[PDB]
Every structure is written in C-alpha cells, then in structure tokens.
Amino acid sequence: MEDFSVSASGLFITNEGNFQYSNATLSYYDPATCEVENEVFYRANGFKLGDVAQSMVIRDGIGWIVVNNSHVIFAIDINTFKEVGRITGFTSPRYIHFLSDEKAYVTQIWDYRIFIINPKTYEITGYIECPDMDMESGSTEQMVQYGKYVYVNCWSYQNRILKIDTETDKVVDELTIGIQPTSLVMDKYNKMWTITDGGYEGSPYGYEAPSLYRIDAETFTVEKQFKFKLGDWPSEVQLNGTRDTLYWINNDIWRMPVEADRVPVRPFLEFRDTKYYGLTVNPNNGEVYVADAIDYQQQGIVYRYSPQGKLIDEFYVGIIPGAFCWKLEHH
C-alpha cells in the first residue's frame, strides 16, 4: 500500500479490464513529465477496483469512478487516489452527471431507471423511470445538460435520446434514431452529437449501417446525418474545449468541424489494424489522446497527438482502456 501525492495537472485513464475477470485498473498520466503510473487505485488503497471501470468524473477535488460490473462508484481524493467513500446498490452503472453538490444522476445498463444520488451523503435518493423500457433490455448511457433539461442516449438494445426535466426528475420527451446510440456531446451551438454502433451480427435487436447525428437541443430534432457502412462499429463522440471540433472512432479516428456538411475524406488518425477504443481532447490545448485496446487482451496503449495530428507521446496503460478524465489546474 503506497503513498501518492501527484501533480495538480493530470489525466486519468480508466481500464475496463476483461468483462467477468475483475482486472479493471486506474491509470494516471502526467503530461508535463510524460510519465504514466498504472494500477494506482489498488496501489493507493490495498484493494482492487473490480470489473469494467467505465467512466470517471472529477468535481470539487474528488474523483468519481464508475465500476460498471461491480455495482459501485468509488470517490477518491484526486491527489492521493485514496477512497473517501463509495456508493453501492447500482444495478450496472455507466455514467455520472452532477446537477449539484447534493444531486447527481447515474445511468445504468439492464435497468430502466436512472438512479438519483446524493454525492455529499453517498446515498441513492431516487429513480427516474424510462418509458418503453424494461430491465432485461434496458440502457441509459451518457448525458448532457441543456438548461433545466438533461439529454441521455439509450445504448444497448435501444434507439432513443430521452429528455429529462431535472426540476421534476422525469422523462418529458424522446427522439427515435438509429439503433444503439453510443455517446453524447453538446457543441457550443447547443446542438447534440451522438454516433450509433450499428448493433452486431446475429443480434436479436438488429444490425445496420451506423450513423453520426447532429440534433438541435431546442427543437430536439435531427439536423444532420452521416451514415457509414454495415459492419462499421463507431463510438466515442468527443469535443475540443471550445466545443466546435468533433472527434469519434470508426476504425480510424475522425475529426470534423461541428459546422461542416461532410465528413472529411482523410481521418485524424489512420486505422492500423488494432482497436481504437477510448478517446479524449485536452480542453485547454486541443491535444488528442487515443486509447488503443489492441486485441482486448494485452496491455493497452495511449497515443498522444497534437491538434495538428503529430504524435507527441505514447504510454502503456491497463487492459481495454476505454475512458479518460482530465484533472486540470486551470480551465
């Protein structure tokens, strides 16, 4: 059990590990030293993280790690990585969205409810019931704020964006699109971007050419659609800090101005017969980090790029690195 006291500026990489093998880990990268530290939760705390670390959000000096398949969210101190508390009772958590110090939503797979939680007391306070959704095929996923509203994508065996009114904690609208929207971002024009994964071969629910969509938040309608190829399996819409440049995964890493009418012919980073899996854009300097799962078995690798596409650094992380979380000194 180990004493960490790290940089005020930093990058966390969550490593899902192998679903049903409890080898998920946390990585911490220092961009100023170009040094990675691996398995930092375990080293810091004396216990393992669990199964499928999904995502992670930092608020007010505290890091909130969603461990999807261990029914828990760890709160760690972000400088020491020691746990300050945890929340148990999630069916299968995905993403955490704070509305205040005392109120956050936590999405779930295999549940039709979004859990309301109190972060100060470390408790579950309620549930938002999703319409046309059961437990066996249920999915809520990533979330964005638009005023009093929260928008959420319904991922596994679903095909909807839902609108929640946060003042009443209830689902007030929905929009049906292509199957299995994977992720959700809000650009600086208050237009949402989601990209579907197209389902999978043999799926009971379906399997189709996936799409990238731009959806106006005010009118909750599709303004643009970029449709890809059967067998494509896109994911991970991400924005730059000014929220005017969008990246995602589709074999390659792709980059497009939010105002563009076409995807550029050339990608940001070319497919190299691996598995680009995670993605993030540094919100201050526009540097792009690409998490490569490679073969879903070996140690993953993160590549760091300049906004102009030139490789800066690369570093080994844990198994299937899927998500990132910025610890920034200045915003």
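So that there is no doubt, residue numbering starts at 1 and follows the sequence shown.
Peer 1: Which has the higher mean CA temperature factor in the PDB entry, 276 to 284 or 36 to 44?
Peer 2: On average, C-alpha B-factors are higher across 36 to 44.
Peer 1: Tell me which of 117 to 125 and 203 to 211 has the higher mean C-alpha B-factor in the deposited entry.
Peer 2: According to the PDB entry, the answer is 117 to 125.
Peer 1: Would you mind checking which of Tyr247, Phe98, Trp155, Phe228 has the top Cα temperature factor in the PDB entry?
Peer 2: Spelled out: the listed residue with the top C-alpha B-factor is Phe98.
Peer 1: Which is it among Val171, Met143, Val237, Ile179: the one with the largest CA B-factor in the entry?
Peer 2: It is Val171.
Peer 1: Ranked by Cα temperature factor within the chain, is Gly147 in the lowest third, the middle third or the highest third?
Peer 2: Ranked within chain, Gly147 CA B lands in the highest tercile.
Peer 1: Using only modelled residues of the chain, where does the Cα B factor of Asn15 rank: lowest third, middle third or highest third?
Peer 2: For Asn15, the deposited C-alpha B-factor lands in the lowest third.
Peer 1: Would you mind checking where the Cα B-factor of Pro267 ranks among the modelled residues of its chain, as the lowest, middle or highest third?
Peer 2: Its C-alpha B-factor belongs to the lowest third of this chain's values.
Peer 1: Which third of the chain holds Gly241 when residues are ordered by C-alpha B factor: lowest, middle or highest?
Peer 2: Answer is lowest: the recorded C-alpha B-factor places it there.
Peer 1: Quick check on the deposited entry: does the C-alpha B-factor of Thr194 sit in the lowest, middle or highest third of its chain?
Peer 2: Lowest third.
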